[PDB]
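Take a look at the structure set out below.
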Amino acid sequence: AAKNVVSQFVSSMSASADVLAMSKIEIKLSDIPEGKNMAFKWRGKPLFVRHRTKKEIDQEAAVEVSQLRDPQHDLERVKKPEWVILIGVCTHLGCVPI
Amino acid sequence: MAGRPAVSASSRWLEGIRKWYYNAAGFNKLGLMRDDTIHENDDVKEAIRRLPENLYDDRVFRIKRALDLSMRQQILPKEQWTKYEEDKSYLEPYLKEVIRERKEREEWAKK
Amino acid sequence: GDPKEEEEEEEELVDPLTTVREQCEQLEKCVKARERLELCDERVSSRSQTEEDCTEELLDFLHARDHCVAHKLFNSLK
Amino acid sequence: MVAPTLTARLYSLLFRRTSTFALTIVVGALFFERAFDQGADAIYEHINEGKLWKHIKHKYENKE
Amino acid sequence: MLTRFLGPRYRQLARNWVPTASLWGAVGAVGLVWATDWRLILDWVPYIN
Amino acid sequence: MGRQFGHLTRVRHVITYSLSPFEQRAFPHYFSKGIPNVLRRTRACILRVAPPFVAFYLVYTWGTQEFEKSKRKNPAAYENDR
Amino acid sequence: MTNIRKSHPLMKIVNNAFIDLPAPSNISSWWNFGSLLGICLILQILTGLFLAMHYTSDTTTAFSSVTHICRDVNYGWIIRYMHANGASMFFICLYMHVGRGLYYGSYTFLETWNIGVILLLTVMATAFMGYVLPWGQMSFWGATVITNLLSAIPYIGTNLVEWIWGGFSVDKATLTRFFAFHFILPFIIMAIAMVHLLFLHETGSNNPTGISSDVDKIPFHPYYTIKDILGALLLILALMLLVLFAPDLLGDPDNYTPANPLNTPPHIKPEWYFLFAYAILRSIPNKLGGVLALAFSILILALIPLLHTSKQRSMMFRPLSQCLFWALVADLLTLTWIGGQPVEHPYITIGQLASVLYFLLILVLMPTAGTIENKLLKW
Amino acid sequence: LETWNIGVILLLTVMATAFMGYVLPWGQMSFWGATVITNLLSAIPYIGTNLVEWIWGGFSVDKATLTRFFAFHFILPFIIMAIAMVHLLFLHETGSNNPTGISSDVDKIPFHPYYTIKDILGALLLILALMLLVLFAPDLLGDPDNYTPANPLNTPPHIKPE
Amino acid sequence: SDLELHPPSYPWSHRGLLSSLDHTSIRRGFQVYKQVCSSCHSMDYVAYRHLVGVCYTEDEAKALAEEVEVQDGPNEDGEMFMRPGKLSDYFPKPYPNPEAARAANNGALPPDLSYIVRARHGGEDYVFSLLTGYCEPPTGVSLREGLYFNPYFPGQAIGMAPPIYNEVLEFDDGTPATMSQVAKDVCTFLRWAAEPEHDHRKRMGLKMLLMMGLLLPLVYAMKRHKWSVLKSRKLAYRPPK
Amino acid sequence: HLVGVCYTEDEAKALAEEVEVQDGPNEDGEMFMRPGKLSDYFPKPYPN
Ligand code: HEC
Ligand code: HEM
Ligand code: HEM
Ligand code: HEM
C-alpha cells in the first residue's frame, strides 16, 4: 500500500499527459530554402531546420575522426546527407545559438 | 430511562424515584460508591487529602477495579453491585468542612 | 421526428422502447393513472377558459409507466 | 503452532534475528505485489468480460 | 468588574482602580479612532480639522 | 511535561497479575461471551439513544410527505366553470 | 534498550509525549479521532500541495485547471477526490471530537477546550475558501450568499464586505486571495494543534468514567499507537470507500458547471458540514439576527464550560443528561436535513422549531438536567 | 554541533526558496536563470535526465514547472520557521557564544532589558537598510533584463543568477 | 408547467460497484456525438487523443482528428490559416462565442457536454430519460415557438427539437440505430466524457477491498495481541489486618 | 493612467475616444468597433 500511494503522488509531477501529446510535431521543408533556418517550439526548446548543400557535405568528412572529445563520424549521424534537423540549444547548458 | 417499577408512574413519592435513578445511573454496577465518582476540583481534592488511610486506600482500589471494568466494557456480577441502601457518604463529612472553611475564608475577604 | 424511421426498408424497422411502452400499458398502476388523465382532459377542455392543465396527472401516469419501462428495457438493447 | 510445526521453522529461520525479519518483509513485498496485481486484475477481467478495450482491441489493428 | 465578589473590600478595590480603567478606555477609543481616522471624531479636534 | 510515572498518585496494598502476550490467545471466547456482551451493552443504551433518533425519522417521514403534497395541485377549479 | 541512553538535551524528550506519556487504560474508541484529526490534517496538506502544483487562481483558467488535473495529470484524478472527500472525513472526525468532549465533560480542560474552538473556527474558515477554489457555480454562489451575510453588520458591514471581496462582488480578485489564504491557514492549524496538545499534556486525558485515572495510567507506545494505527486504517477505509466507489456522493452535481454570475443555480446551498449552520440562519427573517445566530451557534462551545451543573463530570452516570445529549445530536441531524432543503412551508416550521430547540437544550435543559440529578443523589 | 548542523540545513532551505521564487516573475531572467542551473542536474550519472524531467514536469522549463515552483515557494518558508525553532532548541540547552570564546557562565545577564532593546536597534538598522534600497534604488541589485517577458527562443545577452 | 419528475433508475453495464464501462458502447456513443451532438453541442474538455485506448485505436483516432480542419495560430505573415486536426486537438467548437450559440438557437444556450452527466441530478439516467421522454404536451399547456415539451426537463418546456430518432445515423458495427439504442450509446459515451477515470476507479477499488479486507483482520490481531496483557489482568486488594 | 500625471480626466477621455477599439461580443455573436474608453490600454499596432 505504501509503495503504490507514494508512486502515485510521485507520478503526478512527471508526465502530465497533455504535455506528452505535444512531444512530436510536424513541419514543412519547402518553407525554408537551403542554408537558412527556422526556429519554432519543440519539447519547450528551440529547434532549427537546415538543408545541407553540395559544397558543405564534403567538408564534413574532411575533419578527422580522432579530433574531438568523442569519436563520431559524419555518415552515420544522419539517415541522408541531404537534410538535417537540429535543436538550437547549447550542448552544455541549453542556450540558443545565433 | 425505563418504565418505573410501580405501574408506569409519573412522579410517586421521593425515595422510589431516587432508588430507581440509582440503578439507572449505573455506577453501582462498576462497584463504585456515590462519592467515588465525584468531580475533583480544588475543593474535593483537598477533602480527599484528609481521608483516613484505610478509607483512602479503599477508594483507590474501587476506582482501580472500575477502570478495569470500563476498559473491558464489563460490569460486576449481580451480587457484587453496590446496594443503594448500603451506599454511604464517606466524603460528605470531609466536604462539608472544606465548604465551611472556604465560605469563612471568602467572607473574611469581603466584610 | 421522434419515433419515425426512414421506412421502405424490409419491415420499416421497429424500436424496443415503443413495444415496452405497452408493458406498463396494462399494469394496474398505469391504467388507473390514465383514467385520471382522461378526467383532467375532459374537465379542462370543457371549460372555455381555465388557468389549469394536466401536467400533474400526465406526470403521475408517466412516473408509473417509465419506472416499469426501465425494468425491462435494456434487455432488448445492445 | 506446536511441536514440529511450520511456524516453528518459520520463526527460527527468519524471525529470530530482526535483520532477517526485514528481509522477508521486503522480499515478501516483491512476491506479494506481483501476485496480488495479477490475482486482483484477473478478477476484474472476469467481471467485465467483453467490456474493456483489451477485450475488443483485437477487432481492429489488422487483426480483424 | 476587576473584582471577585460583592463586598466592601472589593467595592473599595473597584473604586481604587476606576481612574486607571477610566483613562485606559481612552487608548481603546482614541487609538482606534487614530488608527482609522474616525471622521465623526476627527471632525471635533481643532488642530486636526 | 512535568508529569510522568513515579509521582502520579499513592497506591497501596494492590497486587496485579498479568500474562505474556505470547502465552495467551489474542481472541479468547470472541463470540462465546462478546456477542452476549454487546446485547447487554446495547440494551443499557437503547432507551437513551434510540428514542431521540426515532423521532427524527418521524419528522423525516412527515416533513417530506407534506412537501410533496404542497407541490401536488389541489382541486380548486370551481368558481370559474365553463 | 542498549546503554544508559546518555545524552537527552535534544528533541527526543519532546517525543516522550508520544511514547512514555501516561494514559488511561479505559480510553474507548471515541478517542482515535484525536489522532485521526492529525492524520486528516497532514493528509489535506499532502494532497493539497500536489493539487497546488497544477491549480491556477485566475478565473479564466481556474475551472479549466481542475479539469486538467483529473483529465491529464497522471494519477491526478485520485488526489483531487481524496482532497474533496478528505474534508468530508475531516468534518466527520471534527464533529465527533467535539461530541466526545460534550459527553465526557472534556471541556473542564478550559485551556485545551478554548483552543479547540479556535481550531474549529480555523478549519471551517479554511474549508470555506477551498470550496470557492474550483469556481464551479457552487463555488461562486456558495461564497456569494455567505460573504454577503457580513453586510448586515452596521458601519463596517458594507466596508468590510468589499474589503473581503477585493471589489464590488466575488470575482478574480476574491479568487486569488482565497487560494493564497487557503494555502497558509492549514499551516496555522498545525501550530495551534501543537499548542492544543500543550494545554492537554499538563492534565492528561479524560477517562470515559470521568474519575481521575492517575491510579491506572499505562504507557502510550505499546497500547495506543497500535490502537491509533487500527483507527487510522478505519479512516483510510472510510475515506477510500467514497473516493473509489462514490466520489461525488457528497458533493453537489451543480458544481461541475463553470461559474456564471448571470445565472443562478436551482438550489443554492453550502457543503454538508455547514448545512446545520445554514438552517439556523435561515430560521429568522431578520438579517442581523440570522448572522448573529449563525455565529452564536458555532461560538456557543466556549459557553459550555460555564454551564456545568452536575457534581459528576462525564455523562456516563447521568441518564437524564444522556437522553438530552442524543436529543441534541438528533436535532443537529434535523438541522442538517433542513439545510439541504428549499425554504417552503413544511420546513420553515421544522427549521424554526429545530433551531429554537438547539439553543434551548444547551442553554436551559442541560443545566437544569444536571441540577435535577444533584437532588436525586443527595448532593 | 547540533545547532551548526541545523544551521546548514536552514541555509540550504533558503537558497532553494530564493532560487524557486526568482522563477516566479517569469521574465527572461527567471526562465533562463532556472534553465542553466536546473540543467546542471543532467550531469548526475544514470539518473540525471530522469530527475531533471521530474523536476521540470516536462521536457523543459514551462508552465508546468512554473506552477510547481509557486506552490513549492509557498510551503518551504513555513518549513523554515519549524526548523528555526529546532535551531534555537539545540542552542538554548548549551547557551550562546562570546567574542572572547571562553565560557560566559560567570557573567550572564537577563535577555529582556538588555538584548531586546539591542535587537530593536538592530532591527531598525535593518529596516533602514532595506527601505533605503526599496525607496531609493529598487532595481539596484536586480538585473534589468528581468523586465522583458520570458522568451525560450531568445537568450539574454548574459546569463547569471542573483 | 414548473414541476419535477424523478428519472427512472435504468440498469447500466456500469451500475455496479465493480462494473466497468462497455467500451463497445463508447465507440458507438461517439458516433452519436460526431454526427448529432457536434452540430450544436460543444465538448471542449475531451481531445481526439483521449479516444485512443478507450474506443478507437491510434490510427483510427488520427483519421478522425484529420477529418476536421482547425486553426493553427499565427502564420509567418501573422495571419490565421486552416489545417487538418491532430490527436492533441480538442473536439471542434460549433460556435466561437456563446452569443453566436444563442443566435443560432432560439436564445437557448446548449450546455457543454463534457460534464453534463455529472453536472445534472440523476446522471445518465436523467439524460437517457430526457432524450427519450419527449411527448405531446397535455391539454391546457401552450408552448411558444421554438419550445418543446419534455417532462424530464425542469420546467417541462425545453428549447430542444428531438435530436434522436430511429435511424438518425448508421452505426459502424451494424447495430440497429433505433430511438432507444442511440440514446443508450451516447449516454454511455457522455459518462466516459465526464468520468474517464471510471474504469481505473473500480480497478483500484477492487484492489483496495482485497488489500484492506486482509489487513484489517491482521491489524486487529496486532491490536488484540498487544492489549491481551491488560484484558487478562487480575487485581487483588490485600490491605493489612 | 495619464489622469493626474500629464492629462486631466476630460483630456484623457478625449484621447481615448480618439482611437477606435475592438471589444465586446455583439448579441449576434460578432466583434464590433467602438470608441475607446479610459480603461482601455494603448492600442497595439499589430495583432501578433
Ligand atoms: C438542434 C440543435 C441541438 C441538437 C442537435 C442537440 N442539442 Fe442538446 N441542446 C440544444 C439546445 C438549444 C439546448 C438548451 C435547451 C434549453 O436550455 O432549453 C440543449 C440542451 C441540452 C442538454 C441540457 C438539458 C438540461 O436539462 O440542462 C443536454 C443534456 C443535451 N442538450 C444533450 C444533447 C444530446 C445528447 C444530443 C444528441 C442526441 C443533443 N443534445 C443534440 C441544442 C441541440
Ligand atoms: C485543513 C486543511 C484543508 C481543508 C479542510 C481543505 C478543504 C478543501 C475543500 C473542501 C476543497 C473543495 C474541493 C471541491 O469541493 O472540489 C478544497 C479545494 C482545494 N484545496 Fe484545500 N483544504 C485544506 C488544505 C489545503 C492546502 C494546504 C492546500 C495547498 C497547499 C489546498 C489546496 C486546494 C486546492 C488547489 C483546491 C482546489 C482543487 C480542488 O478543489 O480539487 N488545500 N480544499
Ligand atoms: C484540526 C483540529 C484538531 C486537532 C488536530 C486536534 C487534536 C487533538 C488531539 C490529538 C487531542 C488528544 C487526543 C485525545 O485526547 O483523544 C485533542 C484533545 C482535545 N481536543 Fe482537540 N483537536 C482539534 C480540534 C478540536 C476541536 C474542534 C475541539 C472542540 C471542542 C477540540 C477540543 C479538544 C478537547 C476538549 C480535548 C480533550 C481530550 C481529553 O479529554 O483527553 N479540539 N485534540
Ligand atoms: C532563516 C535562517 C536562520 C535563522 C532564523 C537562524 C536563527 C538563529 C538565531 C536567532 C540564533 C541565536 C542568535 C545568536 O546567538 O546570535 C542562531 C544561532 C546560531 N545559528 Fe542560526 N539561523 C539561521 C540560519 C543559520 C545558518 C545559515 C547558520 C550557518 C552556520 C546557522 C548557524 C548558527 C550558529 C552556529 C549559531 C550559534 C550562535 C552562538 O554561538 O551564539 N544558522 N540562529
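Here, A, B, ... name the chains of the C-alpha cells in the order displayed, residue numbers run from 1 inside each chain, and ligands are numbered from 1 in the same displayed order.
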
*Using only C-alpha atoms and all ligand atoms, find each protein or nucleic acid residue lying at most 6 Å from ligand 3; present the set as a list in words.*
residues 31, 32, 34, 35, 37, 38, 94, 97, 98, 101, 106, 107, 112, 113, 116, 117, 119, 120, 193, 205 and 206 of chain G

Selection above as a file: N, CA, C and O atoms, as a PDB file, in the first residue's frame:
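Output file selection_33.pdb is given in full below:
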```
ATOM      1  N   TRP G  31     -11.865   8.014  20.871  1.00  0.00           N
ATOM      2  CA  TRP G  31     -10.705   8.849  21.113  1.00  0.00           C
ATOM      3  C   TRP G  31      -9.679   8.808  19.996  1.00  0.00           C
ATOM      4  O   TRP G  31      -8.819   9.693  19.941  1.00  0.00           O
ATOM      5  N   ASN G  32      -9.745   7.820  19.103  1.00  0.00           N
ATOM      6  CA  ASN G  32      -8.849   7.814  17.958  1.00  0.00           C
ATOM      7  C   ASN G  32      -9.042   9.046  17.089  1.00  0.00           C
ATOM      8  O   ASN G  32      -8.142   9.400  16.321  1.00  0.00           O
ATOM      9  N   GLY G  34      -8.842  11.997  17.900  1.00  0.00           N
ATOM     10  CA  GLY G  34      -7.755  12.927  18.153  1.00  0.00           C
ATOM     11  C   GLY G  34      -6.581  12.690  17.225  1.00  0.00           C
ATOM     12  O   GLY G  34      -6.087  13.614  16.577  1.00  0.00           O
ATOM     13  N   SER G  35      -6.134  11.436  17.132  1.00  0.00           N
ATOM     14  CA  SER G  35      -5.066  11.108  16.196  1.00  0.00           C
ATOM     15  C   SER G  35      -5.569  11.104  14.761  1.00  0.00           C
ATOM     16  O   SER G  35      -4.810  11.421  13.839  1.00  0.00           O
ATOM     17  N   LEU G  37      -7.731  13.196  13.554  1.00  0.00           N
ATOM     18  CA  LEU G  37      -7.722  14.594  13.137  1.00  0.00           C
ATOM     19  C   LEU G  37      -6.336  15.020  12.671  1.00  0.00           C
ATOM     20  O   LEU G  37      -6.201  15.740  11.676  1.00  0.00           O
ATOM     21  N   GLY G  38      -5.295  14.589  13.381  1.00  0.00           N
ATOM     22  CA  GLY G  38      -3.945  14.855  12.919  1.00  0.00           C
ATOM     23  C   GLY G  38      -3.635  14.151  11.613  1.00  0.00           C
ATOM     24  O   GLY G  38      -2.929  14.691  10.759  1.00  0.00           O
ATOM     25  N   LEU G  94     -14.091  15.880  12.986  1.00  0.00           N
ATOM     26  CA  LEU G  94     -14.150  17.078  13.818  1.00  0.00           C
ATOM     27  C   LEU G  94     -15.386  17.084  14.707  1.00  0.00           C
ATOM     28  O   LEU G  94     -15.321  17.498  15.869  1.00  0.00           O
ATOM     29  N   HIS G  97     -15.032  14.689  17.607  1.00  0.00           N
ATOM     30  CA  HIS G  97     -14.103  15.228  18.594  1.00  0.00           C
ATOM     31  C   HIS G  97     -14.807  16.198  19.534  1.00  0.00           C
ATOM     32  O   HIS G  97     -14.542  16.212  20.741  1.00  0.00           O
ATOM     33  N   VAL G  98     -15.696  17.031  18.991  1.00  0.00           N
ATOM     34  CA  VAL G  98     -16.487  17.926  19.828  1.00  0.00           C
ATOM     35  C   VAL G  98     -17.514  17.140  20.632  1.00  0.00           C
ATOM     36  O   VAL G  98     -17.746  17.423  21.813  1.00  0.00           O
ATOM     37  N   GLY G 101     -16.173  15.462  23.824  1.00  0.00           N
ATOM     38  CA  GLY G 101     -15.984  16.424  24.898  1.00  0.00           C
ATOM     39  C   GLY G 101     -17.287  16.808  25.570  1.00  0.00           C
ATOM     40  O   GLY G 101     -17.342  16.975  26.789  1.00  0.00           O
ATOM     41  N   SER G 106     -15.013  16.820  28.747  1.00  0.00           N
ATOM     42  CA  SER G 106     -13.639  17.229  28.491  1.00  0.00           C
ATOM     43  C   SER G 106     -13.475  18.739  28.456  1.00  0.00           C
ATOM     44  O   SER G 106     -12.338  19.220  28.455  1.00  0.00           O
ATOM     45  N   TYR G 107     -14.574  19.497  28.430  1.00  0.00           N
ATOM     46  CA  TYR G 107     -14.472  20.949  28.431  1.00  0.00           C
ATOM     47  C   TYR G 107     -14.005  21.498  29.769  1.00  0.00           C
ATOM     48  O   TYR G 107     -13.733  22.699  29.862  1.00  0.00           O
ATOM     49  N   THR G 112      -7.399  23.759  26.991  1.00  0.00           N
ATOM     50  CA  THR G 112      -7.456  22.925  25.794  1.00  0.00           C
ATOM     51  C   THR G 112      -8.766  23.119  25.040  1.00  0.00           C
ATOM     52  O   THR G 112      -8.768  23.234  23.810  1.00  0.00           O
ATOM     53  N   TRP G 113      -9.888  23.165  25.760  1.00  0.00           N
ATOM     54  CA  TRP G 113     -11.184  23.295  25.106  1.00  0.00           C
ATOM     55  C   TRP G 113     -11.298  24.611  24.348  1.00  0.00           C
ATOM     56  O   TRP G 113     -11.808  24.645  23.223  1.00  0.00           O
ATOM     57  N   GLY G 116      -9.504  24.455  21.346  1.00  0.00           N
ATOM     58  CA  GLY G 116     -10.217  23.587  20.427  1.00  0.00           C
ATOM     59  C   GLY G 116     -11.241  24.329  19.592  1.00  0.00           C
ATOM     60  O   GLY G 116     -11.397  24.058  18.400  1.00  0.00           O
ATOM     61  N   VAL G 117     -11.961  25.269  20.208  1.00  0.00           N
ATOM     62  CA  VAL G 117     -12.918  26.078  19.458  1.00  0.00           C
ATOM     63  C   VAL G 117     -12.199  26.910  18.406  1.00  0.00           C
ATOM     64  O   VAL G 117     -12.657  27.024  17.264  1.00  0.00           O
ATOM     65  N   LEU G 119      -9.483  26.110  16.940  1.00  0.00           N
ATOM     66  CA  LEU G 119      -9.159  25.162  15.880  1.00  0.00           C
ATOM     67  C   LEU G 119     -10.375  24.865  15.015  1.00  0.00           C
ATOM     68  O   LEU G 119     -10.256  24.716  13.794  1.00  0.00           O
ATOM     69  N   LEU G 120     -11.554  24.753  15.632  1.00  0.00           N
ATOM     70  CA  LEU G 120     -12.767  24.512  14.859  1.00  0.00           C
ATOM     71  C   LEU G 120     -13.061  25.671  13.919  1.00  0.00           C
ATOM     72  O   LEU G 120     -13.380  25.460  12.744  1.00  0.00           O
ATOM     73  N   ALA G 193      -2.528  23.237  16.733  1.00  0.00           N
ATOM     74  CA  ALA G 193      -2.725  21.866  17.192  1.00  0.00           C
ATOM     75  C   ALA G 193      -1.623  21.446  18.153  1.00  0.00           C
ATOM     76  O   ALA G 193      -1.883  20.749  19.140  1.00  0.00           O
ATOM     77  N   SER G 205      -5.421  12.835  29.807  1.00  0.00           N
ATOM     78  CA  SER G 205      -6.660  12.539  29.099  1.00  0.00           C
ATOM     79  C   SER G 205      -7.836  12.526  30.074  1.00  0.00           C
ATOM     80  O   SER G 205      -7.727  12.961  31.224  1.00  0.00           O
ATOM     81  N   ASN G 206      -8.987  12.026  29.617  1.00  0.00           N
ATOM     82  CA  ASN G 206     -10.246  12.108  30.364  1.00  0.00           C
ATOM     83  C   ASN G 206     -11.006  10.790  30.231  1.00  0.00           C
ATOM     84  O   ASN G 206     -11.866  10.658  29.363  1.00  0.00           O
TER      85      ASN G 206
END
```

*Kindly provide, as a PyMOL selection string, all nucleotide and amino acid residues lying within 6 Å of ligand 2, counting only C-alpha atoms and all ligand atoms.*
chain G and resi 41+44-45+48-49+51-52+55+80+84+87+123+126-127+130-131+133-134+182-183+186

*Environment of ligand 4 within 10 Å, counting only C-alpha atoms and all ligand atoms, reported as a PyMOL selection string*: chain H and resi 1-15+77+80-92+94-99+101

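Our summary of the geometry notes that atom 18 (O, counted along the ligand's line) of ligand 1 is positioned 28.3 Å from CA of residue 68 in chain I.
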
*For chain G, list the residues within 6 Å of chain I, counting only C-alpha atoms, and write the list as a PyMOL selection string.*
chain G and resi 226+244+253-254+256

_Neighbourhood of ligand 1 at 6 Å, counting only C-alpha atoms and all ligand atoms, reported as an MDAnalysis selection string_ = chainID I and resid 36:37 39:41 105 108:111 116 127 153 158:161 163:164

Would you put the residues from that selection into a file with N, CA, C and O atoms, as a PDB file, in the first residue's frame?
```
ATOM      1  N   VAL I  36     -24.493  13.981 -34.378  1.00  0.00           N
ATOM      2  CA  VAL I  36     -25.719  14.615 -33.902  1.00  0.00           C
ATOM      3  C   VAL I  36     -25.410  15.707 -32.887  1.00  0.00           C
ATOM      4  O   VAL I  36     -25.849  16.851 -33.043  1.00  0.00           O
ATOM      5  N   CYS I  37     -24.673  15.362 -31.827  1.00  0.00           N
ATOM      6  CA  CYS I  37     -24.382  16.347 -30.789  1.00  0.00           C
ATOM      7  C   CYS I  37     -23.498  17.471 -31.315  1.00  0.00           C
ATOM      8  O   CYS I  37     -23.749  18.647 -31.029  1.00  0.00           O
ATOM      9  N   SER I  39     -23.264  19.017 -33.935  1.00  0.00           N
ATOM     10  CA  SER I  39     -23.866  20.046 -34.772  1.00  0.00           C
ATOM     11  C   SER I  39     -24.098  21.330 -33.988  1.00  0.00           C
ATOM     12  O   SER I  39     -23.818  22.426 -34.484  1.00  0.00           O
ATOM     13  N   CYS I  40     -24.608  21.218 -32.757  1.00  0.00           N
ATOM     14  CA  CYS I  40     -24.855  22.407 -31.951  1.00  0.00           C
ATOM     15  C   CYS I  40     -24.520  22.226 -30.476  1.00  0.00           C
ATOM     16  O   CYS I  40     -24.943  23.054 -29.661  1.00  0.00           O
ATOM     17  N   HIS I  41     -23.788  21.183 -30.099  1.00  0.00           N
ATOM     18  CA  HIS I  41     -23.374  20.974 -28.718  1.00  0.00           C
ATOM     19  C   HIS I  41     -21.859  20.864 -28.661  1.00  0.00           C
ATOM     20  O   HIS I  41     -21.247  20.188 -29.492  1.00  0.00           O
ATOM     21  N   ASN I 105     -29.688  29.221 -32.027  1.00  0.00           N
ATOM     22  CA  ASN I 105     -30.916  28.664 -31.492  1.00  0.00           C
ATOM     23  C   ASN I 105     -31.868  29.797 -31.119  1.00  0.00           C
ATOM     24  O   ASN I 105     -31.605  30.973 -31.382  1.00  0.00           O
ATOM     25  N   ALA I 108     -31.732  29.853 -26.410  1.00  0.00           N
ATOM     26  CA  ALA I 108     -31.194  28.845 -25.508  1.00  0.00           C
ATOM     27  C   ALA I 108     -29.738  28.550 -25.840  1.00  0.00           C
ATOM     28  O   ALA I 108     -29.356  28.462 -27.009  1.00  0.00           O
ATOM     29  N   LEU I 109     -28.921  28.401 -24.798  1.00  0.00           N
ATOM     30  CA  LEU I 109     -27.502  28.129 -24.964  1.00  0.00           C
ATOM     31  C   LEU I 109     -27.233  26.662 -24.678  1.00  0.00           C
ATOM     32  O   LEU I 109     -27.428  26.222 -23.536  1.00  0.00           O
ATOM     33  N   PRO I 110     -26.803  25.877 -25.661  1.00  0.00           N
ATOM     34  CA  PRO I 110     -26.526  24.461 -25.417  1.00  0.00           C
ATOM     35  C   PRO I 110     -25.396  24.287 -24.421  1.00  0.00           C
ATOM     36  O   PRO I 110     -24.276  24.770 -24.644  1.00  0.00           O
ATOM     37  N   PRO I 111     -25.650  23.606 -23.307  1.00  0.00           N
ATOM     38  CA  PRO I 111     -24.596  23.396 -22.311  1.00  0.00           C
ATOM     39  C   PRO I 111     -23.493  22.495 -22.840  1.00  0.00           C
ATOM     40  O   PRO I 111     -23.696  21.663 -23.724  1.00  0.00           O
ATOM     41  N   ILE I 116     -21.827  17.031 -18.567  1.00  0.00           N
ATOM     42  CA  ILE I 116     -23.275  17.111 -18.421  1.00  0.00           C
ATOM     43  C   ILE I 116     -23.845  15.904 -17.694  1.00  0.00           C
ATOM     44  O   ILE I 116     -24.946  15.979 -17.142  1.00  0.00           O
ATOM     45  N   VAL I 127     -30.450  11.924 -18.306  1.00  0.00           N
ATOM     46  CA  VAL I 127     -30.172  12.256 -19.701  1.00  0.00           C
ATOM     47  C   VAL I 127     -30.861  11.270 -20.633  1.00  0.00           C
ATOM     48  O   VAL I 127     -31.482  11.664 -21.627  1.00  0.00           O
ATOM     49  N   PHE I 153     -37.320  17.481 -18.310  1.00  0.00           N
ATOM     50  CA  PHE I 153     -36.638  18.763 -18.219  1.00  0.00           C
ATOM     51  C   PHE I 153     -37.294  19.618 -17.142  1.00  0.00           C
ATOM     52  O   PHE I 153     -38.524  19.747 -17.127  1.00  0.00           O
ATOM     53  N   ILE I 158     -38.616  22.879 -22.967  1.00  0.00           N
ATOM     54  CA  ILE I 158     -37.200  22.869 -23.303  1.00  0.00           C
ATOM     55  C   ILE I 158     -37.035  23.385 -24.725  1.00  0.00           C
ATOM     56  O   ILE I 158     -37.865  23.107 -25.597  1.00  0.00           O
ATOM     57  N   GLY I 159     -35.982  24.169 -24.945  1.00  0.00           N
ATOM     58  CA  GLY I 159     -35.665  24.661 -26.270  1.00  0.00           C
ATOM     59  C   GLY I 159     -34.858  23.660 -27.066  1.00  0.00           C
ATOM     60  O   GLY I 159     -33.734  23.946 -27.485  1.00  0.00           O
ATOM     61  N   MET I 160     -35.425  22.477 -27.279  1.00  0.00           N
ATOM     62  CA  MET I 160     -34.730  21.371 -27.929  1.00  0.00           C
ATOM     63  C   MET I 160     -35.679  20.657 -28.877  1.00  0.00           C
ATOM     64  O   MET I 160     -36.644  20.031 -28.430  1.00  0.00           O
ATOM     65  N   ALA I 161     -35.400  20.714 -30.170  1.00  0.00           N
ATOM     66  CA  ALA I 161     -36.052  19.784 -31.074  1.00  0.00           C
ATOM     67  C   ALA I 161     -35.546  18.376 -30.775  1.00  0.00           C
ATOM     68  O   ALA I 161     -34.380  18.207 -30.409  1.00  0.00           O
ATOM     69  N   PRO I 163     -33.601  15.381 -30.770  1.00  0.00           N
ATOM     70  CA  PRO I 163     -32.348  15.213 -31.514  1.00  0.00           C
ATOM     71  C   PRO I 163     -32.092  13.788 -31.970  1.00  0.00           C
ATOM     72  O   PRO I 163     -31.281  13.558 -32.872  1.00  0.00           O
ATOM     73  N   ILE I 164     -32.770  12.822 -31.357  1.00  0.00           N
ATOM     74  CA  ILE I 164     -32.570  11.409 -31.652  1.00  0.00           C
ATOM     75  C   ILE I 164     -33.884  10.834 -32.156  1.00  0.00           C
ATOM     76  O   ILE I 164     -34.936  11.037 -31.538  1.00  0.00           O
TER      77      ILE I 164
END
```

*Between H:157, H:21, H:113, H:138, which is the closest to chain A once you count only C-alpha atoms?*
H:157

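Going from CA of residue 35 in chain H to CA of residue 74 in chain G covers 24.5 Å.
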
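Note that the spacing between CA of residue 52 in chain H and CA of residue 1 in chain A amounts to 27.0 Å.
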
Interface rows for chain I against chain D: nearest pair, Å to one decimal, 6 Å, only C-alpha atoms, as CSV:
```
residue,atom,partner,partner_atom,distance
I:22,CA,D:51,CA,4.6
I:23,CA,D:52,CA,5.4
I:54,CA,D:53,CA,5.7
I:207,CA,D:40,CA,6.0
```

Any chance you can output those residues with C-alpha atoms as a short mmCIF file (atom, residue, chain, number, x, y, z; two decimals), in the first residue's frame?
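To be explicit, this is the file written out as again29.cif:
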```cif
data_model
loop_
_atom_site.label_atom_id
_atom_site.label_comp_id
_atom_site.auth_asym_id
_atom_site.auth_seq_id
_atom_site.Cartn_x
_atom_site.Cartn_y
_atom_site.Cartn_z
CA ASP I 22 -18.76 -1.04 -22.05
CA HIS I 23 -16.14 0.26 -24.47
CA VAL I 54 -10.83 3.66 -24.96
CA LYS I 207 -7.61 -3.98 -5.19
#
```

_Counting only C-alpha atoms, a student should be able to say which residues of chain F come within 10 Å of chain C; what is the right answer, written as a PyMOL selection string?_
chain F and resi 71-73+76-78+80-82

Writing out the chosen residues with N, CA and C atoms as a short mmCIF file (atom, residue, chain, number, x, y, z; two decimals), in the first residue's frame:
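And here is the file that came out, out_26.cif:
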```cif
data_model
loop_
_atom_site.label_atom_id
_atom_site.label_comp_id
_atom_site.auth_asym_id
_atom_site.auth_seq_id
_atom_site.Cartn_x
_atom_site.Cartn_y
_atom_site.Cartn_z
N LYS F 71 -46.46 20.50 -3.40
CA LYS F 71 -46.19 20.55 -4.84
C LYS F 71 -47.34 19.96 -5.64
N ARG F 72 -48.07 19.02 -5.06
CA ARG F 72 -49.24 18.46 -5.72
C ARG F 72 -50.34 19.51 -5.81
N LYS F 73 -50.95 19.63 -6.99
CA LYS F 73 -52.03 20.59 -7.16
C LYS F 73 -53.28 20.12 -6.42
N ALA F 76 -59.07 23.06 -6.92
CA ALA F 76 -59.68 24.35 -6.65
C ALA F 76 -60.07 25.05 -7.94
N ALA F 77 -60.67 24.30 -8.87
CA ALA F 77 -61.05 24.82 -10.17
C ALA F 77 -62.44 25.43 -10.19
N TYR F 78 -63.18 25.39 -9.08
CA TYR F 78 -64.53 25.93 -9.05
C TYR F 78 -64.49 27.45 -9.18
N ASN F 80 -64.98 29.20 -11.60
CA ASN F 80 -64.65 29.62 -12.96
C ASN F 80 -65.50 28.89 -13.99
N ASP F 81 -65.58 27.57 -13.91
CA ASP F 81 -66.52 26.74 -14.68
C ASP F 81 -66.29 26.98 -16.18
N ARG F 82 -67.34 26.84 -16.98
CA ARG F 82 -67.23 26.96 -18.43
C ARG F 82 -67.64 28.35 -18.90
#
```
